[PDB]
Amino acid sequence: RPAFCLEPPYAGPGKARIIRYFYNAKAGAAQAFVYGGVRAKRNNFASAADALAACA
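Just so we're aligned: 40 in the deposited numbering is position 40 of the sequence shown, and the numbers increase by one with no gaps anywhere.
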């Protein structure tokens, strides 16, 4: 799998409250986190299905 799939989630400095998904390779799962709306990293998906498609 791509290296970015190993990143922990990055909320960023923004104050928005947007649910996004990251791939947790240790758990083999797509997991929800709250994203602040700015400075997204690569392991940041709109849905669990998208995270799994890229990283599973």
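Backbone N, C-alpha and C define an ideal beta-carbon position, used for all residues, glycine too.
Identity of the residue in the options nearest residue i by Cα
i: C5; options: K15, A29, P13, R17; result: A29
i: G12; options: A53, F45, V34; result: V34
i: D50; options: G14, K15, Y21; result: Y21
Residues bridged to residue i [DSSP beta-bridge criterion]
i: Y21; result: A32, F45
Environment of residue i [buried if 16+ CB atoms lie within 10 Å]
i: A3; result: exposed
i: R39; result: exposed
7 Å Cβ shell around residue i - same chain, five flanking residues per side excluded
i: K41; result: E7, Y10
Neighbourhood of residue i by C-beta distance below 6 Å, restricted to the same chain and skipping five residues each side
i: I19; result: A32
i: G14; result: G36, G37, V38
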